[PDB]
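Single chain ahead, by itself, as structure tokens, in the form solved without its partner chain.
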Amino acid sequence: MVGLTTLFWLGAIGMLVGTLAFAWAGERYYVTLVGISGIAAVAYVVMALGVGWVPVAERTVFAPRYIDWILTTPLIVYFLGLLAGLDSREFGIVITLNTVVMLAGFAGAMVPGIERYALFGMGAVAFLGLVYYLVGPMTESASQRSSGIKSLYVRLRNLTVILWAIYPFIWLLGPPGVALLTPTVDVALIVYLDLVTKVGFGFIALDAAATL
């Protein structure tokens, strides 16, 4: 009743609506949000068309998803770093940590053997370091800003930390890992998370930009 392609098209449509909304409302921030959802839109269309479905051992891996994540997640961290007022050096640490997470996941998904769990573990370790910087140093830094900017940062930060922490569990329970969850359910859960961590993220920012 509901195929993989249908779910990919749904994500594509959701990202497109977000993209046009952010472009219209567009204060770097608006251009970043267009990139976050605009890139994801393209990845989902490509996948909806059946492009980039790579067979690996006995699983199917969706390569456009990881290219998407590698480009869009640093833009989300960049957005948060602007809100917090990071110096160009602190940016380097968190964006480096983020890239390690994304690359490790991409490599683990593409490796047929159990070495892929070794790659997954490395991304998990780097993710914990990323969470520390979001909850600690970046929160200290955001404190120096107006009370409204600080409030916006805290709300986007918690949205980000809570939801991003769910992805490694979906990955591990899905085809890439123990292959427990079926591809259709696993994809459905990730389409939901992508939409919330990108388009939902964006709309929470727009809402605050009008309350000024």
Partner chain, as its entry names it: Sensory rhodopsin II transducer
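Residues that one form lacks are left out of the comparison. Numbering follows the first chain given and starts at 1. We call the rigid core the largest set of C-alpha positions that still match within 1.5 Å between the two forms.
Omitted here: the form solved in complex with its partner chain. The next part is about that form.
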Looking at 47-55, 30-38, 174-182, 60-68, which stretch has residues with any non-hydrogen atom within 4.5 Å of its partner chain in the bound PDB entry? 174-182
Within 4.5 Å of its partner chain in the bound PDB entry - does that hold for a heavy atom of every one of 93, 125 and 127? no
Check whether residue 145 has any heavy atom within 4.5 Å of a heavy atom of its partner chain in the bound PDB entry, and answer yes or no. no
I'd like to know whether residue 204 contacts its partner chain in the bound PDB entry, with contact meaning heavy atoms within 4.5 angstroms. yes
Examine residue 163 and determine whether its closest non-hydrogen atom to its partner chain in the bound PDB entry is within 4.5 angstroms. yes
Is there a heavy atom of residue 192 no more than 4.5 Å from a heavy atom of its partner chain in the bound PDB entry? yes
Just the runs, please: which groups of three or more residues in a row shift their CA by 2 Å or more between the shown form and the other one on the core? 112-114, 210-212
